[PDB]
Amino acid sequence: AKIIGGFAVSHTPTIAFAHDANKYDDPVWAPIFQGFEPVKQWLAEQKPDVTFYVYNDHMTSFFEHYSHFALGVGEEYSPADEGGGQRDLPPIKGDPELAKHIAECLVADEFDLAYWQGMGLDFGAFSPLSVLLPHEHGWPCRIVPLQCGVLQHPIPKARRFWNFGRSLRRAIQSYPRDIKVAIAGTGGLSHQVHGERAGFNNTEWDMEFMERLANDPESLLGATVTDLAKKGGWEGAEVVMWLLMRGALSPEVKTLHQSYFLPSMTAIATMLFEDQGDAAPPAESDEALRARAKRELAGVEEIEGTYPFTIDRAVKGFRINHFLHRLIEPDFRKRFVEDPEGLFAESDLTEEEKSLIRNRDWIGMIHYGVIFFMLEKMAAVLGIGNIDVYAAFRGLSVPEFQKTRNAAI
């Protein structure tokens, strides 16, 4: 519930490559890693419990279904295979409870979201995190990733990215736990990596952008995609993600550190911001925002025999739901019927999860967090009509359930 501050850093994959190759005293790379140092120190000293991490996926985990604001709600994240195998880094833990609270708040404020679990984080995340945080066996903090669809136009306007951050601030502050949260905005600065214009940079615009983001961020909010692409290059226009992070910080921040280097394609820049707290009370109190974020499902627990599929339940039921979802694949479902045990022994299912499936325990799976539409698939594959499932839910014989209907179908 306390925002300690925020940081901005480029996420170009070269940072990771330079790290993995130990170019720490290379004449080109030495002052660059030195640029990351104050951010690295601040993080080790401040010890945030969670980093809210704003990034974009580079057509790896997001392609055929490509969303604007994709909130990671899952228990943990591994490095994505980008075509060269997964980087050797430990998984980083997520925060389902914080992510759900944020989703509730952001939807109440009429932002439209996507929710995701299980997919890998590409270089947009693990390039800068691997240089910012020590990771021998695990990571020093949890993450809540926000993957932003900045690559397929139209994308949200600059002012929308900013307004998301403003609502995000209130969301994090109203979270009823005494934790410390840092916000990260990544990508940028100037660059262009496609077409005959590949290699464009604008150091002059970069410095201006940094200054304005720090000290007058509102003056950036009228910039169009054309403006940002003209000034910073096509891919450099991803800096709207910095705006989102900056919007989540206090209107006035202190700049603890800032650096800038351009050795090759991308302006590798870093900024560190110390949150100053609120200069005045927010328009709506923490207690009031909490009540408002809960109003949609207020009193839902008074509906008996009902198990609303909320984010917490989706996380709880994720392994078993993911498993049953695979029944839409011809080979998997053939195996489910002929050799279920061989399929179980290969899975990551708990013994209890296997047991629920083997027993065809319909109501138990619902209690546990399986969504009905996965059971529907399971029933179909096993030759079991939906009527059987409903009868089990109700504790009735098939005919006695059928009696509650107007016609037996």
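Note that residue numbering begins at 1 and tracks the sequence as displayed.
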Mean C-alpha temperature factor, higher of 252-260 and 143-151: 252-260
Once average C-alpha B-factors are taken from the entry for 173-181 and 111-119, the winner is 173-181
Between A103, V300, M241, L220, which carries the biggest CA temperature factor in the record? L220
Comparing C-alpha B-factors across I320, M207, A158, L327 in this entry, the winner is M207
Sort the modelled residues of this chain by their C-alpha B factor and say whether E284 lands in the lowest, middle or highest third. highest
Going by what the PDB entry lists, where does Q34 fall on CA B-factor within its chain: lowest, middle or highest third? highest
Of the three thirds of Cα B-factor ranks in this chain, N215 occupies the highest
What third of the chain does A379 rank in for C-alpha temperature factor, lowest, middle or highest? lowest
Which third of the chain does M245 land in by C-alpha B-factor: lowest, middle or highest? middle
